[PDB]
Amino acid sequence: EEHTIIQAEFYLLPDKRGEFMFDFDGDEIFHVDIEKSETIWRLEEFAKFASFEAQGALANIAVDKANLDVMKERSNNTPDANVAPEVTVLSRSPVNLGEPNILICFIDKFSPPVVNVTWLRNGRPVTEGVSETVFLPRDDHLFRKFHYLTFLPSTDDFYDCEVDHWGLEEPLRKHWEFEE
């Protein structure tokens, strides 16, 4: 059995945001909501099989906050560039007219871990029936992330995933339309 458990955490400035999460073979197990101080399982069912004490994660973040300040001073003019994300949009499963499905907006290979994502239906913002993951780790130093939109397949509508990132000139828009 080959497996990998990755525990990832970070603190970002100036946004003042931290994260703490666990990854198993590439998928999120859970992450800690820093503000609310609670464990959020990627899949509800996971909760009945394990538990985690959040305060421990919050302590780790406090250490990372402090270390960041040391790191800023230690490098002096360490600031640099960033990496714009690759964006892809595809349906979760085979699309059949009238059968509710889900569009996936896959945002990959980027840093810092901050983004503005907007789902558009016929050019309009959609905020109901959407969800997202936190910033997931890659094999390297960059992040990936998933956004989801629930929808009713139709031959006349069209969709777009709008992603804005500091590494992008203008906000990026990836298109999706149903095809039989």
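If you superpose the two forms and keep the largest set of C-alpha atoms that fall within 1.5 Å, you have the rigid core. The first residue of the sequence shown is number 1, and the count goes up from there.
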Quick one: core-superposed, which stretch strays further from the shown model in 4 other deposited structures of this protein, 24-32 or 151-159? Go by RMS C-alpha distance.
151-159
Which has the higher mean CA temperature factor in the PDB entry, 92-100 or 77-85?
77-85
What stretch has the higher average Cα B-factor here, 44-52 or 147-155?
44-52
Given 160, 23, 15, 19, the residue at which the Cα B factor reaches its maximum
15
Splitting the chain's C-alpha B-factors into thirds, which one does residue 120 fall into?
lowest
Could you say whether, by C-alpha temperature factor, residue 39 belongs to the lowest, middle or highest third of its chain?
middle
